[PDB]
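Residue numbers count from 1 along this sequence. Every heavy atom of this structure was used, including side-chain atoms; hydrogens, water molecules and symmetry mates were not.
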Amino acid sequence: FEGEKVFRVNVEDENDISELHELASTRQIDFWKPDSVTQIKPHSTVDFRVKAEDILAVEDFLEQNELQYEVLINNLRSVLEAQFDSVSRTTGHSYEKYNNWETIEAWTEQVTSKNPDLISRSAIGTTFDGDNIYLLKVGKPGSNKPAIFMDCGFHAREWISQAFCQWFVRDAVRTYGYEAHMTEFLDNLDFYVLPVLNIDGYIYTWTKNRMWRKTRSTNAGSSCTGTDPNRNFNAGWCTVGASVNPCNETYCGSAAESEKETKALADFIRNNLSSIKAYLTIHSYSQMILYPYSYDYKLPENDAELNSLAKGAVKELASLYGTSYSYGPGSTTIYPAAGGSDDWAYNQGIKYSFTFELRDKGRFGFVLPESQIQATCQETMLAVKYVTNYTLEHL
Ligand SMILES: [Zn+2]
């Protein structure tokens, strides 16, 4: 990634957008936010990364076409090297460093051995490459308890996400029998934590390409690999904001629940549907909290409640470090996109469905350094406990 840059471009009107369709059709641009050219709306900003060889061609195009730009990241290489900056001496699992999957997979086992009373572990299926999808069920085991489902690592390159589901499990165990609310939550609820949905991708971002997002499944008729897991749900499946071309990053898959991974999660949730009261899905970057709908401009019945709950949670979050989040329904907060899990869980009847986009807001983007793991996870924990406490009192 030596000499590659990340740009922030502003787009004023629809001609600006169609000018960026022509750019994209001519250079290989990696869109960071939004996740495709097709999801840009006027009067907004677009973050994307450009290959070293393309830097001058793109800075001419923007200039010659009046697109006002800023260089977010001058050398991605540096940012990639600053990444692993944990002041931890440990070769194994740390909560304050980014763990590879071998290391995560062994952690799920160890943490279950060490806190058998509070933690239980399953494999809810197997990934494309045959990796096991582990789910941890966190709670004081009880007759007929309501649940909260939380997953991380749907998109391979959003590593802070993966880091969060681990932190959560560490706190849930540390503050049991010491923190009043956390002890009552684990008594009253179970938490289902799926620390990594897209394992195959995650390993690919470790081994080959840090910037990968999709699954690693093979596509018929093409040598292009992967579906976007957050387009592969049966919520308006592929009807807007999603491609049928497998070589796109927004490839919606060949059918709803075409991925093994997303079929496992969808099935697990459906089998438990009467317990699970809330659905939380952790992504990165940009500091937002989204709630349904993304597939449509229609508002959920619930809208006013979800809106106030989001506003409260984002108010909690900021307490610690002053971190600003924004929130709203996904379609107008961003742009319509079909097949996401939040919209699907909601349409299953789960009234409280959120996506969180953690830090930052583009200084590092996906390539957030290990040094910001902990602060990031502490403030999120504050929005997470708030909403848990909300749901508990509305069961
Ligand atoms: Zn994501």
What I want to find out is whether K260 reaches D200 closely enough, with some N-O distance under 4.0 Å, to be called a salt bridge.
no
Of the non-hydrogen atoms in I199 and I133, which two are nearest, and what is the gap between them?
CD1-CA, 4.0 Å
For the CZ atom on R170, are there more than 12 heavy atoms of other groups (residues, nucleotides or ligands in this structure) within a distance under 6.0 Å?
yes
Of the options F48, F7, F366, which is the one that meets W32 in a ring pair (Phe, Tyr, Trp, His ring centres under 6.0 Å)?
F366
How many angstroms lie between CG in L395 and CG in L189, if you round to the nearest 0.5 Å?
6.5 Å
Can you confirm whether more than 12 heavy atoms, excluding those of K208, are under 6.0 Å from its NZ atom?
no
Which disulfide (SG to SG under 2.5 Å) pairs, counting each pair once, include a residue from residues 53-93, with sequence neighbours left out?
none
Look at atom CG of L56 and say whether more than 12 heavy atoms of other residues, nucleotides or ligands are closer to it than 6.0 Å.
no
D30 and its salt bridge (charged side-chain N to carboxylate O under 4.0 Å, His left out) partner, picked from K5, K51, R157:
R157
Are the side chains of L80 and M211 in touch, meaning some heavy atoms are under 4.5 Å apart?
yes
Are any of the side-chain heavy atoms of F1 and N209 separated by less than 4.5 Å?
yes
Between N115 (side chain only) and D117 (backbone N and O only), is there a donor and an acceptor less than 3.5 Å apart?
no
Quick one: do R270 and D267 make a salt bridge, cutoff under 4.0 Å?
yes
Does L136 reach the side chain of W107, with side-chain heavy atoms less than 4.5 Å apart?
yes
Main-chain N/O of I282 paired with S161 side-chain donor or acceptor, under 3.5 Å
yes
Does a donor on one side chain sit under 3.5 Å from an acceptor on the other, for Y295 and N347?
yes
How about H93 and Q166: does a side-chain donor come under 3.5 Å of a side-chain acceptor?
yes
Can you name the nearest heavy-atom pair linking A338 to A242, along with the distance?
O-CB, 4.5 Å
Would you find a donor on one side and an acceptor on the other, under 3.5 Å apart, between the side chain of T239 and the backbone of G236?
yes
Using a 6.0 Å cut-off, check whether atom NZ of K145 has over 12 heavy atoms from anything other than its own residue.
yes
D296 side chain to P336 backbone, donor-acceptor under 3.5 Å:
no
Let me see the working for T175 and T183 under side chain to side chain contact (heavy atoms under 4.5 Å, CB included), right down to the final yes or no.
CA-CA 7 Å; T175 61; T183 312; 5.9 Å; no
Between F356 and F164, does the ring centre distance come in under 6.0 Å?
no
Find out whether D131 and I203 are in side-chain contact, i.e. whether some heavy atom of one side chain is under 4.5 Å from a heavy atom of the other.
yes
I334 side chain reached by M288 side chain, heavy atoms, under 4.5 Å:
yes
Audit row: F149, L265, side chain to side chain contact (heavy atoms under 4.5 Å, CB included) steps and yes/no
CA-CA 10 Å; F149 193 100; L265 188 163; 4.1 Å; yes
Within-4.5 Å side-chain heavy-atom neighbours: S36 and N248
no
Please determine whether the number of non-hydrogen atoms from other residues, nucleotides or ligands lying under 6.0 Å from atom OH of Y297 exceeds 12.
yes
Can you list every pair that meets side chain to side chain donor-acceptor pair (under 3.5 Å) and has a residue in residues 281-292, with sequence neighbours left out?
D47-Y285, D151-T281, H155-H283, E158-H283, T281-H283, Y291-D303, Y291-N307
Give the minimum heavy-atom separation between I17 and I40, together with the two atoms involved.
CD1-O, 3.8 Å
Is a donor on one side and an acceptor on the other found under 3.5 Å between the side chain of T205 and the backbone of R210?
no
Can you confirm if the NZ or CZ of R121 lies within 45° of the ring axis of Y134 and under 6.0 Å from the centre of its six-membered ring?
yes
Does NZ in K41 sit with more than 12 non-hydrogen atoms of other residues, nucleotides or ligands closer than 6.0 Å?
yes
Please tell me whether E305 and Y352 have a donor and an acceptor in their side chains that are separated by less than 3.5 angstrom.
yes
For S94, does its backbone N or O pair with a side-chain atom of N99 as donor and acceptor, under 3.5 Å?
yes
So does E81 have more than 12 non-hydrogen atoms from other groups sitting under 6.0 Å from CD?
yes
To the nearest 0.5 Å, how far apart are OG1 in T215 and CD in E259?
4.0 Å
Can you list the steps and then say if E249 with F31 is a side chain to side chain contact (heavy atoms under 4.5 Å, CB included)?
CA-CA 9 Å; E249 290 297 349; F31 282 96; over 6 Å; no
Measure the shortest side-chain to side-chain distance between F233 and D342 over non-hydrogen atoms and say whether it is less than 4.5 angstrom.
no
Looking at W159, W212, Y98, which one forms a ring pair (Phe, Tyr, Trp, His ring centres under 6.0 Å) with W206?
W159
Using modelled atom types only, decide if a donor and an acceptor are shared between the side chain of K97 and the backbone of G92 within a distance under 3.5 Å.
yes
Main-chain N/O of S371 paired to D85 side chain as donor or acceptor, under 3.5 Å:
yes
Does the pair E357 and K33 meet the rule for a salt bridge (charged side-chain N to carboxylate O under 4.0 Å, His left out), with working shown?
CA-CA 11 Å; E357 304 284 342; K33 145 182 152 177; over 6 Å; no
Under the criterion side chain to side chain contact (heavy atoms under 4.5 Å, CB included), I'd like the reasoning laid out for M182 against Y176: C-alpha separation, chi angles, the key distance, then a yes or no.
CA-CA 6 Å; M182 192 61 54; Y176 191 88; 5.8 Å; no
Any side-chain heavy atom of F185 within less than 4.5 Å of one from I148?
no
Check whether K277 reaches the backbone of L392 with its side chain - one donor and one acceptor, N or O, closer than 3.5 Å.
no
Note: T108 and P195 closest approach over all heavy atoms is CG2-CG, 4.4 Å
Quick check: are there more than 12 heavy atoms from other residues, nucleotides or ligands sitting under 6.0 Å from CD of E393?
yes
Sub-3.5 Å donor-acceptor pair from the side chain of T225 to the main-chain atoms of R216, do we have one?
no
Please tell me whether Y69 and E63 have a donor and an acceptor in their side chains that are separated by less than 3.5 angstrom.
yes
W344 and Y279: side-chain donor and acceptor closer than 3.5 Å?
no
Once you measure the plane-to-plane angle for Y346 and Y293, does it fall in the parallel (<30°), tilted (30-60°) or perpendicular (>60°) bin?
perpendicular
Between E179, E316, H181, which is the residue that forms a side chain to side chain donor-acceptor pair (under 3.5 Å) with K385?
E179
Looking only at heavy atoms, the pair that brings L197 and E261 closest together is CD1-O, 3.6 Å
Distance alone, cut at 3.5 Å: any donor-acceptor contact between the side chains of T227 and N232?
no
Closest approach of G253 to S258 (non-hydrogen atoms, all atoms of both residues)
CA-OG, 3.7 Å
Do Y321 and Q378 meet the criterion of a side-chain donor-acceptor pair at a distance under 3.5 Å?
yes
